[PDB]
Amino acid sequence: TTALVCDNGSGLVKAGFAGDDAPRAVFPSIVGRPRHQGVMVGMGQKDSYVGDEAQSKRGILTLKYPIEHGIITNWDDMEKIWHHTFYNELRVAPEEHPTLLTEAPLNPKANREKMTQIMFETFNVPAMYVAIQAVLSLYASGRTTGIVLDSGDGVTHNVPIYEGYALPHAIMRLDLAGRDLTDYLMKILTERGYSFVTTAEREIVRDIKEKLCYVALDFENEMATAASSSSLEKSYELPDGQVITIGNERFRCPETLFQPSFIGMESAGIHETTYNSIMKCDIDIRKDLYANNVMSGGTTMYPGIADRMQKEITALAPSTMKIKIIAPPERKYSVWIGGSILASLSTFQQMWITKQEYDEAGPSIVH
Amino acid sequence: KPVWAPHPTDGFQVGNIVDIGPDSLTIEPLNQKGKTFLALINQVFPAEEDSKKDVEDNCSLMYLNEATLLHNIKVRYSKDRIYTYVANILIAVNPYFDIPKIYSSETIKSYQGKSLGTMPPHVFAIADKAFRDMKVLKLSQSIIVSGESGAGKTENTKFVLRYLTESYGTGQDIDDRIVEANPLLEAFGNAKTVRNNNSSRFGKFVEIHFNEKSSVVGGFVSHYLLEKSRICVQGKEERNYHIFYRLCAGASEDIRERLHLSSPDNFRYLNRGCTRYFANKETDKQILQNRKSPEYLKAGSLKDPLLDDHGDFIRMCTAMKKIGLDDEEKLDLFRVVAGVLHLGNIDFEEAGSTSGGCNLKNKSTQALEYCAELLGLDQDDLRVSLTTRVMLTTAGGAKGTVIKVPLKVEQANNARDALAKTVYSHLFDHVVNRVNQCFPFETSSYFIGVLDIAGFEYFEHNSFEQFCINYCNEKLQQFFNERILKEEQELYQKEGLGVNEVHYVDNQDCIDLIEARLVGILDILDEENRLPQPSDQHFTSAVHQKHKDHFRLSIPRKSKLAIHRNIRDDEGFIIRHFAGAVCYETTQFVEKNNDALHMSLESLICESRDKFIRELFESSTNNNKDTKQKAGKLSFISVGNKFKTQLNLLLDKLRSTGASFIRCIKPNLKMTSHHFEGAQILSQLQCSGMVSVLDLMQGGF
Ligand SMILES: Nc1ncnc2c1ncn2[C@@H]1O[C@H](COP(=O)(O)OP(=O)(O)O)[C@@H](O)[C@H]1O
Ligand SMILES: [Mg+2]
């Protein structure tokens, strides 16, 4: 009967039926083969553990996220994500649901083709639709205008939408957030004598990326108050009992989203991708793009964004103009609440790709 | 000419064919504009030449199928012709009311010494038939009563014993003890199930022995497949045994304060399932406030047409004095049942010097004191016996000592649960040995057995015990395929009539899938207890790991049903059987297969000071422990090889003797007169092999 909302994040892949309430399944995405020799002999241990059990098995597997820079690792592992989720998580039958898949706003072919085709031929789904993660965040906001931020691991995007079509000449994809922020946290945490070089153990870094990082009100002045060090040094406890005190690097890491030259990319910060996409939109329409800056995704849940972003954009944006940055609740599930609103909305059930139409066209004409 | 169309409320209804093509057979109902749908070959069966005829034997019905067989039974339900000859199988329908003709003594006196088929179908037409083979071929006969639970397999059994004690001598010295003692042993073994409120959880087998001249010489009743797994886990609407609810309900306060009994909610083996009593309005107000559970204060008495727990406690103790049981020995029987209740209330924990061992909890100190008073073994000596693994070094050398290695907390709970199943096992064998003592047999030759065991059992929550019950039905149906189909077609060619020696659709690959060594399901479950860190998920995945494909089984993920859509890979398995595909959930499978004691619990309960407890554990179970005797056998054993040994031993008594084929059909779920369900009655014809036997036999004649 009901449609199935599946968001192909890199997180935190999200799954839940079409309305009326929250996603049923959230899990850390990973597939991991056992990287040691089994002298007890098992018995019968898994060839591949998927998440959640592959996060209950850190230090004994080699974790591989199923999508890497928004592209699949191979569809052999991707299919194990799908099969595991539908059968061994959700408990949903393949031929009893219209599905909804998500992709990035700008992603190369044949990643949506090969996907659409393999899921139709393998699981035999009776209807399918593929939405960009940004468009679903517009439905979640409820507004009819604005620049949309899908910032998730490992690809962020800046999509401007104006009632009710997408603007071709101002769509920006920045590869700055969020896996490069995980890897950067691992690169500046060595500065305090720690090591996390092991693939599974990198997850422990991801968990410290969640809880203790904070964005400065201004870089230069937090560097000033760092010279007065005490409150910056906060003590985290690590699963083997180790106590870690991070302070300067604590505000340095998130600070990356402004002035990203520290990572190694020449492209400018969230600051400039916001301004430069707005200043490629027509003069008259710009008026309503200002104050409809809408954030989304889990990688915008660092503390100090959006009011760093607000103060910085408001300084460059035109004089006597209104610029409020709209930050909803629970942004990590924003995208999903988008998908839920879409597939529940009448009459757009008949804007899906159904099995008879797929049988006719195969992997051709995906538009 | 019309055909039969499957209807939801009638099962099968009459209807003509008004458009025809394979897989597009349009069947119009008879003078009804109802289900004007299309069918398939397995949804269309032909009808007879005329609908205004009903027959005693179904040998006169040419268009015989399941719709014409359920229609002959629907008409003979009206005319009260409950006993009906189907091929060579008696089908009996329970009318649930008193009909004088079946209770007439002239009916037994007419049928006295009369040949099968030259006289009407009746209960006494089967009991004379398994007596004429004693005079023809000189062979012993096993009466097997099959059918749904609460279908009259125990009540129709008393008609069979009444015919044998009236037409072939006066039989055994005093009959009526067998009739009186069946509700007595049903206190001990009957429980409450989803299928029927009064259901039997054991397979009794009466053995009436005779001599060379075919005169009765005595009796022996035993029991097969005891549901001891009901002790540890009761269920949700199911009860445990019916003796604990019959003992705490009405009995004295100068017996309940002394045996330290209390309301059902306090005891571990009564902390799951239904704690309510079966009662009626006068008996309910006779139950005192302290005897009520919180669920009884909330929902009161349970409803059954004949069970009254407070009523049945007087008819239990009257039936005890009728089998010769002394009132002081009834008090020793009450001390063992109360000792199981204060054994279950031992709660364990970890702690101590060993650290990885086990101790007991503080709140089980008042309960351990009442347990050592009831069993006859000391409290300190039971606390260092439940928690340890005794072994010795004497066998390996003259430096001998006997060490103790403390067990885990889960193995302390499994040893206490195995000690509780061991006491009730030998207690049930002591009650049937006390009744067997009053009618012993002298110089046996011929003998007439009467089986009373459950049919196919499947509902909303099936488990291990429903798989052992459905497997025992699958072994009996392969016995019936070589005794009802292979044997009878040898007899049509012994009269020169004709018919070929045609083969049936076998299930020998399924038999060598449940009990088969190495790759069978019970041989992978019995290996699970031998493993350290045993799990139901490892055992369920080990079946699908051992054989990837096999048409007799599938996991809930591969089942198309909605009920199985919510059940995961590691949560159950589905076996396709003669009665269809039945899912058995997996959880607590490790402990359900566990039922054994090592020497530290055996050299304490057997050696009890109490002669009664010591006699429950009678010789050779009780044996002296002494130097170099010389090995630690039998260790694990398991419920699955207890059941495989006791099932294959009854197969050697069935393959070696003649038999009678009786099926008892329940016409309505509420158990009252003049109500024909039609669809539930069809399910008892579809879960009893009736469709397959009435298609193979027909042939060229
Ligand atoms: N409280 C938090 N603070 C900072 N980052 C967070 C927080 N919670 C989650 N994240 C990051 O957000 C990511 C999840 O983002 P998500 O919205 O799932 O992106 P996508 O939907 O594209 O997969 C995780 O990789 C995690 O590192
Ligand atoms: Mg995304």
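All positions are counted from 1 along the displayed chain.
So how was this one determined? The header says electron microscopy, 5.5 Å.
Positions of Cβ are set from backbone N, Cα and C atoms, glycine also.
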Write down the residue from A:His69, A:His84 that Swiss-Prot flags as tele-methylhistidine.
A:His69
Looking at the candidate ranges A:36-49, A:106-119, A:148-161, A:260-273, report the one that Swiss-Prot labels region 'Interaction with alpha-actinin'.
A:106-119
According to Swiss-Prot, which of these ranges is region 'Interaction with alpha-actinin': A:328-340, A:354-366?
A:354-366
Nearest by CA distance to A:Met40 (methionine (R)-sulfoxide): which of the modified residues is it, out of A:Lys57, A:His69, A:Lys80, A:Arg173?
A:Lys57
Find, for the listed modified residues A:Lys57, A:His69, A:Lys80, the residue with the lowest Cβ contact count at a 10 Å cut-off, counting only other Cβ atoms.
A:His69
Counting only residues 6+ away from its ends, which parts of the chain sit with a Cβ under 8 Å from the region 'Interaction with alpha-actinin' (A:354-366)?
110, 112-114, 116-117, 120, 124-128
With a CB cutoff of 8 A to chain B, go through the modified residues A:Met40, A:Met43, A:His69, A:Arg173 and name the hits, or write none.
A:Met43
Measuring Cα to Cα, how far is A:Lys80 (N6-methyllysine) from A:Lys57 (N6-malonyllysine) in Å?
18
Please tell me which one of the modified residues listed here (A:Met43, A:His69, A:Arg173) sits closest to A:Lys57 (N6-malonyllysine), measuring Cα to Cα?
A:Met43
For a quick check of packing: other C-beta atoms within 10 Å of the C-beta of A:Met40 (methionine (R)-sulfoxide), how many?
7
Protein Cβ atoms within 10 Å of A:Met43 (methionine (R)-sulfoxide), excluding its own
12
Distance check, please: Cα of A:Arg173 (ADP-ribosylarginine) against Cα of A:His69 (tele-methylhistidine), rounded to an integer number of angstrom.
12
